[PDB]
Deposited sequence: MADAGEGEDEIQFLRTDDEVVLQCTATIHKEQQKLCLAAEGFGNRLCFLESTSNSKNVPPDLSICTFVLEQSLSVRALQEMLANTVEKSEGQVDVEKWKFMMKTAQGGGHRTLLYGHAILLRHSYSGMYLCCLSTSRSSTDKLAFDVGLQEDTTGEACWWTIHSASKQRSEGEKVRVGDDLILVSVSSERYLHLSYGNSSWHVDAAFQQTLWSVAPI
């Protein structure tokens, strides 16, 4: 099928270290420090509740930038900028100002009147083309131009906005 607005989705990525490969799910809590993290699966994550986002909006870069400039179930299209609402908290995936150290932190917030909560979707291989479920998506922050990135810390996997890309699977469920 195709990805549409109002869809409840789950973002997954593949984490391979020491030849050990696993699927990780993007997750977040609204109760406290508003940062996203990653869950292991199996491919179903233990706690799926907090791994659900809704594709609330889909606009063109020009449109979004026009709407914002004035202030001073559609199908998702490649190159378009989207808005992912976190179901549990009702807040939105955003690119923050604080650093993870070249990368920025990824978290949740409420105010969507800005670029920080907008992510343009690109293909790994299609401008304007329809976004089909099962495709590997690259997510770029409109505000910072950084990628939603799979990072590896001391002992665990983290998610941030870095200069390097990561392929994500935006599955419905």
Quiz item: Which parts of the deposited sequence lack C-alpha coordinates?
Solution: 1 to 11, 54 to 56, 87 to 109, 138 to 141, 167 to 169
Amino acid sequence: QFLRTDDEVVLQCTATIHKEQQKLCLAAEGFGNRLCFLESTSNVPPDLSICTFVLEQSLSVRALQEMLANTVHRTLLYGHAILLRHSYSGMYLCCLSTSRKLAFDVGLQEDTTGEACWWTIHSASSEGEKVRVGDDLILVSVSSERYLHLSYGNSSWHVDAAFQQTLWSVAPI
From here on, numbers count along this sequence of modelled residues.
Quiz item: So 22 to 30 or 128 to 136, which one's hotter by mean CA B-factor in the entry?
Solution: 128 to 136
Quiz prompt | Mean temperature factor over C-alpha atoms, higher-scoring stretch between 162 to 170 and 2 to 10 | solution = 2 to 10
Self-check item: Most elevated Cα B-factor in the entry, residues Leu148, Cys36, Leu48, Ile121
Solution: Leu48
Exercise. Taking the values exactly as deposited, rank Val44 by C-alpha B-factor within its chain and report the matching third: lowest, middle or highest.
Key: highest
Quiz item: Taking the C-alpha B-factors as the PDB entry records them, is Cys94 in the lowest, middle or highest third of its chain?
Solution: lowest
Exercise. Can you work out whether the C-alpha temperature factor of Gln57 puts it in the lowest, middle or highest third of the chain?
Key: highest
Quiz item: Sorting the chain's CA B-factors, does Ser141 end up in the lowest, middle or highest third?
Solution: lowest
